[PDB]
Each structure stands twice: as C-alpha cells, then as structure tokens.
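This document opens with one chain alone, in structure tokens, the form deposited in one PDB entry.
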C-alpha cells in the first residue's frame, strides 16, 4: 500500500502549545520555511503570551505526531467517500531567537544584532509595513518572538522549534496571524493543538463563520455551518456537503461531508483542536485564550 506520499510538498503549519507546569507552557512550531534548504538568513516572528525562558530544537517525528492527534479528531466529523485502495536573546549557530516586549520591538526594530543585516533596508523595510503593524497593539504587552533561521538549519533532522515560556496574565496566543497583504484575503493552512485552555465560542463563531472553503466542483455543493455541543465535546466548524448516487444497482444516495474546518473542544480533557486547511478568510488575527484559571 503505497509509500510514495508526503515529501517536498507537505508543509502547512503545525503548532502545539501545552502547559508543562504551574506557570510554564511549551510551544512547538513547524512551518513551511523551516522545512526547506535556506540559502540566506530567514526572518520570522509571532506572538507569545509571556516571555521565553528557553528555546530548543525537536525531532521532526513530532510534526506527524501532532498533526495526527488533531486530523483524527476532525476526521470523525467528515463522511469522505473517496475511493480507497489495498532584551532577552537566545543565540545558537543555525538559529537565533530574541524575545522582546511587543512594544519594544517597534522602537528598536532596526537593531539587527540578530544578524538580519545584509538584507538591508530593502529587505527589513518590508516587515515593518506588512508584519510588525500586526504584532504590536494598544496592549503594548504581547511579547514578540523573533527568530532568524540561518542557513545550515536543514542539516540533520530536528527542524521543529520549541519555546518554553511563562504566560503572563493567564493568556495563550495561538499564532495564526499573517503578513498583512495588499489583496486583502488570507489563506489558512494550519493545524494546532493547545491544551489547558477554556472554551470560547464567541471568538470561534466569528472565525469559522468567515471561512471560505475549497470547492469540490459540483453545482449541488452547499457549505453548512455547525455549532454542536456533544457529551464531552463542542464543535464549531464549516463543512461542504453534496449527495452522490450509486455506481451500479439500487438508487442509493451518499451524503458527503468534507473539507471540515473550525475548532473542536474536549469539554473534559480541556483541549483545543484547531483545523484550518486551505480555507480563505478576510480575517487575519491570532487566537487568544485563557489558561484554566
């Protein structure tokens, strides 16, 4: 049964944020860029609820271990009938992470002792207009993690990064935010797994609702929206459904339900399963949650 799948194509984004102890959570982040042979210093940033107390590299076996635990949680919704078969640096050689107090990054930004210099203004200039303005706000807190994946990062496995940090105020900021673009629309391709956070349908209805799903190329396709509240569950997601006919005998129909995207919450476990696979939305924001107070 085929061994020719997943390769230089598999690179959406995987994020896992778990509470490791009383006041320390751990962030695991794997993006497309980290999985390619960089030839120059690459820059990337996001938001963290608190300050980073340590940055390390993990084994790629993690990328699938996470994406599984989640993809499965959503797959229980679907009904796919497709044919099957039989001031706080953290230097290192390859990378270089820096964690500053949101607002501080704006005021000094230019300072690239993190060595994203040779990109000069013609390259940094970009990030202050399309990214930076979306990482700092009226809540001058919201620390910004700044990484500079320097070449060599590809060598060996362990492309996954892990941020150990101390949440401030009981807040958790799952980094979905993008790079403000001229067009006005953003395409999401990410799976996240955060735990020890309290539900919040208000912000999940707002997100899921503004999602434009991919097409199955069938006039009869309708995109329904859901808001179930099972036993130990609560799902807010949009799926695409269309009925299908038999391929031989009896006139038995088959009601599909695919491309499900949204948020699933385990009332008991206190875990948040997120899935935004190739969906478009005019909403480009991070998701803020509260740690079980």
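Positions refer to the first chain, counted from 1. Definition used throughout: the rigid core is the maximal C-alpha set that superposes within 1.5 Å between two forms.
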> In the deposited sequence, how many residues between residue 182 and residue 183 have no modelled coordinates (none, 1 to 3, 4 to 9, 10 or more)?
Replying inline: none
> Per the entry, where is the mean C-alpha temperature factor higher: 234 to 242 or 50 to 58?
Replying inline: 50 to 58
> Out of 4 to 12 and 283 to 291, which one has CA B-factors that are higher on average in the deposited record?
Replying inline: 4 to 12
>> Among 133, 214, 167, 102, where is the Cα B factor highest in this entry?
In response: 102
> Checking the entry, which one of 257, 63, 250, 69 has the top C-alpha B factor?
Replying inline: 250
>> Using the temperature factors of the C-alpha atoms in this entry, rank residue 32 within its chain: lowest, middle or highest third.
In response: lowest
> What third of the chain, by the recorded C-alpha B-factor, contains residue 121?
Replying inline: highest
>> Based on the deposited C-alpha B factors for this chain, I'd like to know if residue 178 is in the lowest, middle or highest third.
In response: lowest
> Mind checking which third residue 111 falls in for C-alpha B-factor across the chain?
Replying inline: highest
> Can you tell me which third, lowest, middle or highest, the CA B-factor of residue 98 falls into for its chain?
Replying inline: middle
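Below, we refer to the form deposited in another entry, which is not included among the displayed structures.
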>> Looking between the shown form and the other one after fitting on the rigid core, I'd like to know which of 11, 23, 280, 284 has a C-alpha displacement of 2 Å or more.
In response: 11
> Fitting the rigid core first, would the Cα of residue 118 be found 2 Å or more away between the shown form and the other one?
Replying inline: yes
> Rigid core fitted, then: does residue 57 show a CA shift of 2 angstroms or greater between the shown form and the other one?
Replying inline: yes
> On a core-based superposition, does residue 260 travel 2 Å or more at its Cα between the shown form and the other one?
Replying inline: no
> With a C-alpha distance change of 3 Å or more, do residue 9 and residue 188 lie closer or farther in the other form?
Replying inline: closer
> Quick one: residue 36 and residue 71 C-alpha atoms, closer or farther in the other form compared with this form (3 angstroms or more)?
Replying inline: farther
